[PDB]
Amino acid sequence: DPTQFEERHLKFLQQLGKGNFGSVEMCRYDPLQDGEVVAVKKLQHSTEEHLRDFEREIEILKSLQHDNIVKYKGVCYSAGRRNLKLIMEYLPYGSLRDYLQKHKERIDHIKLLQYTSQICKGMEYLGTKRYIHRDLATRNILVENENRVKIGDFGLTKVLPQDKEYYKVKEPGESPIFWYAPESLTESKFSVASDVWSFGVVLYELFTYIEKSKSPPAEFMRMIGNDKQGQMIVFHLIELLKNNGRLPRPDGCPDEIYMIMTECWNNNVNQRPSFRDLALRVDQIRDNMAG
Ligand SMILES: CCS(=O)(=O)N1CC(CC#N)(n2cc(-c3nc(Nc4ccc(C5CCN(C)CC5)cc4)nc4[nH]ccc34)cn2)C1
């Protein structure tokens with residue numbers, strides 16, 4: 001509905017996030033001019049290809065309704081109905097990556113496992129639509145309140161072809177290589193199982209509390225050698241992963257939780273756990289610490 005969010009009533013307030021190809025702004029929608037705060041995603045450095053990808057992303061988000069997925073509100077066909085902007089609920093505590101850093105002193109293991117469980121259920125839901133997220137990372141998780149997080153961005157999400165259980169990317173632009181499964185690096189293959197690999201990296205991130213020098217890029221670069229540049233980095237990352245190099249157990253991380261991470265990081269795609277497996281395992285851990 002192009003009349004739902006009219007550009008003349010959508011007022012900019014603050015910048016919330018920004019990257020090479022997109023940004024999110026805090027805006028106020030006041031049709032009666034005298035209104036709700038919303039989050040608005042727009043492209044940056046747009047092209048016809050990027051705009052078509054953005055249309056697919058909007059359709060993906062519109063099709064999702066789940067407690068742990070940020071809520072679609074609509075679209076603004078701005079610039080006289082010659083451009084597109086995506087309208088979403090505003091989540092007041094921002095990205096989980098920043099929230100964990102700001103509030104680590106009140107976030108214990110059982111809280112981390114609540115966030116883990118919630119991310120997992122969002123991903124179970126995504127898989128029922130045959131969507132592959134391809135960019136799971138704490139920077140793409142948003143915090144609604146102390147007890148609720150949601151997957152907040154779907155800019156790299158792809159729909160599986162009807163007769164295959166993987167999506168093969170041809171020319172990969174934005175590639176978060178230090179979250180990628182080995183078969184994504186070596187064969188450009190993305191699947192539910194590669195999302196599970198990346199979820200293991202998210203779980204690692206959580207239990208580092210986003211401490212300085214413990215991020216996946218920083219750790220993998222320290223193991224590879226900080227002087228390496230360009231494709232050499234990739235070559236070494238592939239060799240490292242294929243022969244069982246892995247992110248370390250974070251300081252203070254229980255062995256049981258590191259074991260979850262390492263089971264997600266199986267080079268054998270079919271042996272990785274399912275998101276249903278993981279959600280039940282994590283919720284049983286929480287419940288057996290204390291319900
Ligand atoms: C393609 C690149 S992108 O730019 O498009 N990309 C998407 C991207 C990553 C993800 N997911 N993102 C999304 C949002 C976003 N934020 C919010 N609320 C918010 C509230 C408060 C603060 C403050 C800032 C200052 N201080 C640190 C404390 C928190 C920030 C945000 N609500 C939202 N609803 C939907 C989206 C969204 C933000 N970043 C980044």
# chains A, B, ... in the order shown; residues from 1 in each chain; ligands from 1
>>> closest_atom_pairs(of="range 3-70 of chain A", to="range 84-91 of chain A", cutoff="6 Å", atoms="only C-alpha atoms", output="CSV")
residue,atom,partner,partner_atom,distance
A:38,CA,A:90,CA,4.7
A:39,CA,A:90,CA,4.8
A:40,CA,A:87,CA,4.7
A:41,CA,A:86,CA,5.0
A:42,CA,A:85,CA,4.9
>>> residues_near_ligand(ligand="ligand 1", cutoff="8 Å", atoms="only C-alpha atoms and all ligand atoms", output="ChimeraX atom specification")
/A:15-26,38-43,70-71,87-95,98-99,139-143,151-153,155
>>> select_by_dssp(residues="range 177-286 of chain A", states="alpha helix (DSSP H)", output="ChimeraX atom specification")
/A:182-187,192-208,216-224,231-242,255-264,275-286
>>> atom_distance(atom1="CA of residue 276 in chain A", atom2="CA of residue 61 in chain A")
21.4 Å
>>> closest_residue(among="A:193, A:10, A:214, A:221", to="residue 266 in chain A", atoms="only C-alpha atoms")
A:193
>>> select_by_dssp(residues="range 16-71 of chain A", states="strand (DSSP E)", output="ChimeraX atom specification")
/A:16-18,22-29,36-43
>>> residues_around(residues="range 136-138 of chain A", least_positions_apart="6", cutoff="8 Å", atoms="only C-alpha atoms", output="number ranges by chain")
A: 95-97, 179, 195, 198-199, 201-202, 205-206
>>> residues_around(residues="residue 3 in chain A", least_positions_apart="3", cutoff="9 Å", atoms="only C-alpha atoms", output="PyMOL selection string")
chain A and resi 6+76-77
>>> write_last_selection(atoms="C-alpha atoms", output="PDB file, in the first residue's frame")
ATOM      1  CA  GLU A   6       3.539   8.994   2.851  1.00  0.00           C
ATOM      2  CA  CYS A  76       7.559   4.359   1.769  1.00  0.00           C
ATOM      3  CA  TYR A  77       7.644   4.905  -2.010  1.00  0.00           C
TER       4      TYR A  77
END
>>> atom_distance(atom1="CA of residue 33 in chain A", atom2="CA of residue 144 in chain A")
26.7 Å
>>> closest_residue(among="A:240, A:110, A:290, A:278", to="residue 261 in chain A", atoms="only C-alpha atoms")
A:278
